[PDB]
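Student: here come the first chain(s), positioned as in the complex:
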Amino acid sequence: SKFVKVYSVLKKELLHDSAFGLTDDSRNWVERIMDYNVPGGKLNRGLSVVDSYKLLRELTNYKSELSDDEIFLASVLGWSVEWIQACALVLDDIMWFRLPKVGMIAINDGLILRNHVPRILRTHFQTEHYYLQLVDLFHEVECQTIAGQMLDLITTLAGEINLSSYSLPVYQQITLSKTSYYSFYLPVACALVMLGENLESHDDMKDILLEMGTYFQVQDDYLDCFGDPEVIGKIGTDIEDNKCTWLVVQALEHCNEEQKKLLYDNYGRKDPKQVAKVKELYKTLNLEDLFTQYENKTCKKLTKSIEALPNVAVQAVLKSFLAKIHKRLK
């Protein structure tokens, strides 16, 4: 319910005393990029820092209080997460010779945004013990995000010509490196490092959180096709947009040459009739049930692995995440 006012705070800090942002007209220029890319509603990820910090602190042990400045710093890390998300997504909406110019514009927008996170961390965490551990954490996620984004770029462009480019290892690598790292690992890891701990003793939680991010994106991908548009509020467009959906990949693995030509001849096309031809081929593969298998299997696998963690509070946080994502329609 609390509205995270911190966004305007950080914008005022960066746009004033910092290192750049001198000319009034450059200050306005930077602000337009900032507000177009970062505070785009949703904000489920950055708060998950706060929910994680709140549950970790409520269940640890003595030293036990609650400061407003603590909430402030946790929310600042949450906004750093939203900045990372913004940089990861800069290249997602493409719509030939006009393409390098468009990419150059987008790249340089995201280039501007990547140079804000270090200033935020320095301004607000220079003096803390865990500052370097935080910078390590963000450099890891930053570089993994960048790797996934570069692979996604190769795939989406090579996906325009010949759909056979979409494969399960490529989809899983993009989903893991581009998305899963910043979305699920980084929030909890931020709450952990701010409590003054070392991530090198939580490698088991990382694999769980990373796989849950892949599960969350496979959840997303499935909903973008079979999810009651009246509940979502919008119609699934992934098939029109020629996206690298979990569904398309699993189809191309299990389909045959007659079904492959059906996918080659229809997928990507704007024609609605063809999108339905695709969705019917998805049903014809009985994919829905394969999804139910993947979901049930992943949930049991994660539940088992989670309950085996020592820190019971971490177990509570991951269980909270899993129970909030499970079989969701939103």
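Tutor: Received the coordinates, thanks. Numbering: from 1, shown residues only, chains lettered A, B, ... in the order given.
Student: can we go C-alpha only for contacts and neighbour counts from here?
Tutor: Will do.
Student: what's near enough to touch residue A:166?
Tutor: A:155, A:159, A:244, A:248, A:249, A:252 (C-alpha atoms under 8 Å, 6 or more residues apart in numbering).
Student: now the third one, nearest residue through space, not along the chain?
Tutor: On the basis of C-alpha to C-alpha, 6 or more residues apart in numbering, the spatially nearest residue to residue A:244 that is not a chain neighbour turns out to be residue A:166, at 6.3 Å.
Student: now the second one
Tutor: Nearest-residue entry for residue A:159: residue A:165, 5.7 Å, with adjacent residues in sequence omitted and distances by C-alpha to C-alpha, 6+ apart.
Student: would you quantify the distance from the one you found to residue A:242?
Tutor: Taking C-alpha to C-alpha, to the nearest Å as the measure, residue A:165 falls 12 Å from residue A:242.
Student: quickly list what's touching both of those two.
Tutor: Contacts common to residue A:165 and residue A:242, judged by C-alpha under 8 Å, 6+ apart, are residue A:159.
Student: top helix in chain A by residue count?
Tutor: Among the elements of chain A assigned as helix by DSSP state H, the one spanning the most residues is helix A:131-160.
Student: give me the distance between that helix and the centre of its chain.
Tutor: Between the mean C-alpha point of helix A:131-160 and the mean C-alpha point of its chain there is a distance of 11 Å (C-alpha atoms, centre = their mean, to the nearest Å).
Student: stretch A:153-161 now?
Tutor: Remark: stretch A:153-161 is offset 20 Å from the chain centroid, using C-alpha atoms, centre = their mean.
Student: ok, now stretch A:250-266?
Tutor: On the basis of C-alpha atoms, centre = their mean, stretch A:250-266 sits 29 Å off its chain's mean C-alpha point.
Student: what lies in contact with it?
Tutor: Stretch A:250-266 is contacted by residues A:162-164, A:166-168, A:274-275, A:277-278, A:281-282, A:285 when judged by C-alpha under 8 Å, 6+ apart.
Student: so which of the residues you listed belong to strands?
Tutor: The subset of the contacts of stretch A:250-266 located in strands under the criterion DSSP state E is empty.
Student: how far away is residue A:161 from residue A:112?
Tutor: Distance, residue A:161 to residue A:112, by C-alpha to C-alpha: 31 Å.
Student: then chain B, please:
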Amino acid sequence: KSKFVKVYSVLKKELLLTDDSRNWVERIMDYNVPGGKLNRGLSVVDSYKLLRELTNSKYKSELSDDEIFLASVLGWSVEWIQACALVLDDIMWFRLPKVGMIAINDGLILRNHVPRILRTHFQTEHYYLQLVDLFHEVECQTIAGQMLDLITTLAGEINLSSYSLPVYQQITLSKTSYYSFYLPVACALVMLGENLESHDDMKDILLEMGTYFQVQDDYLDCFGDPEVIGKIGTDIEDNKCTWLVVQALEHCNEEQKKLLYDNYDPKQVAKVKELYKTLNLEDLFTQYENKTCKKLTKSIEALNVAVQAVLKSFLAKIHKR
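Tutor: One more chain to add, chain B, which I have set with the ones above:
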């Protein structure tokens, strides 16, 4: 001369206790980083040598063995950056994302080495944080160039009109110019204990000097003495976004544009290079070269003469090669 024995010790500290896949990481390291040339590592040391031989605090002498070591450690960090920047240039339709996935993860392994190098060897210095800023800046500019070059090279397979001067200049600037010319000098400067944000004028010079160097490369790869270079120019065959192609596409506004579209086999490649000749291009190079050299010489002399001596040394080692 300086036999840089030390890569063994750097690799040994990093490698060394890791399952038995240690060799796999080691093969990526020595396949990608040590190439022998190492012009991106020695220019670091030579630059520190000139910057150090200028600060006349008492009597100019020789750098301590530990000093040479740390300067060489940064130069090799530079070589790591260079290796990561170039991981994707030997790309070779589909099958591109699988190849790219291998390459990106190779560069990811090497990208996770530079922070460990700096921490092990610069944890205690004042300027350590300035190093992390500098390397993240150059790394991110490098990554930006790689993404634009990627989009551009793919859009270069489809329609030759895609290659344009702003895209070429941005690629040259972000992908190459930062680590090649700025980064060495900036490393030597940060070890001298200086704030890079007081040298923005030198940065503009070095970045343009890197773009100037790549236009030079493009020119030699086409109108050279292969006996002096030791290699035949393939850029026109390889369908690269050459300085020549963009300048051609600006001026070829008729049947000459179609002649170039129906090209890119040496039977055709010779028709291209002859069409390049038709546009007095050699003269445009000499004009661009003389103009940029005088402009850069002016901007440099317009600058701490120590910075000027280093930049002038770079330009005099590059000029008209």
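Student: that older thread, tell me if the longest helix of chain A is near chain B.
Tutor: Yes: if you take C-alpha under 8 Å from any C-alpha of the partner chain as the test, helix A:131-160 does meet chain B, through A:140, A:143-144, A:146-147, A:150-151, A:153-155, A:157-159.
Student: residue contacts, the residue in the stretch 1-150 of chain A that chain B sits nearest to?
Tutor: When distances are taken as C-alpha to the nearest C-alpha, the stretch 1-150 of chain A approaches chain B most closely through residue A:97, which lies 3.8 Å from it. Each residue near residue A:97 by C-alpha atoms under 8 Å, 6 or more residues apart in numbering or on different chains is listed here: B:155, B:156, B:158, B:159, B:160, B:161, B:162, B:163.
Student: OK, contacts around residue A:173?
Tutor: Taking C-alpha under 8 Å, 6+ apart as the test, what residue A:173 contacts is A:148, B:101.
Student: next, count neighbours for residue A:96.
Tutor: Counted with other C-alpha atoms under 10 Å in any protein chain shown, the burial measure for residue A:96 works out to 15 neighbours.
Student: just residue A:210 next, same as before
Tutor: Residues contacting residue A:210 under the criterion other C-alpha under 10 Å number 22.
Student: do the same with residue A:95
Tutor: Number of residues near residue A:95 (other C-alpha under 10 Å) recorded here: 6.
Student: pull the most distant pair out of the contacts of residue A:97.
Tutor: Between all members of the contacts of residue A:97, the longest pairwise span (C-alpha to C-alpha) is found for B:158 and B:163 and amounts to 10.4 Å.
Student: alpha carbons of stretch A:164-172, in CSV - could you do that?
Tutor: Output in CSV follows, covering the C-alpha atoms of stretch A:164-172 (Å, rounded to 0.1, in the frame of the first residue of the first chain):
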residue,chain,number,x,y,z
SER,A,164,14.5,-23.1,-36.4
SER,A,165,16.8,-20.7,-34.6
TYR,A,166,14.6,-21.0,-31.5
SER,A,167,15.9,-24.0,-29.5
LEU,A,168,15.5,-25.1,-25.9
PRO,A,169,19.2,-24.4,-24.8
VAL,A,170,19.0,-20.9,-26.3
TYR,A,171,15.6,-20.2,-24.8
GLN,A,172,16.8,-21.4,-21.3
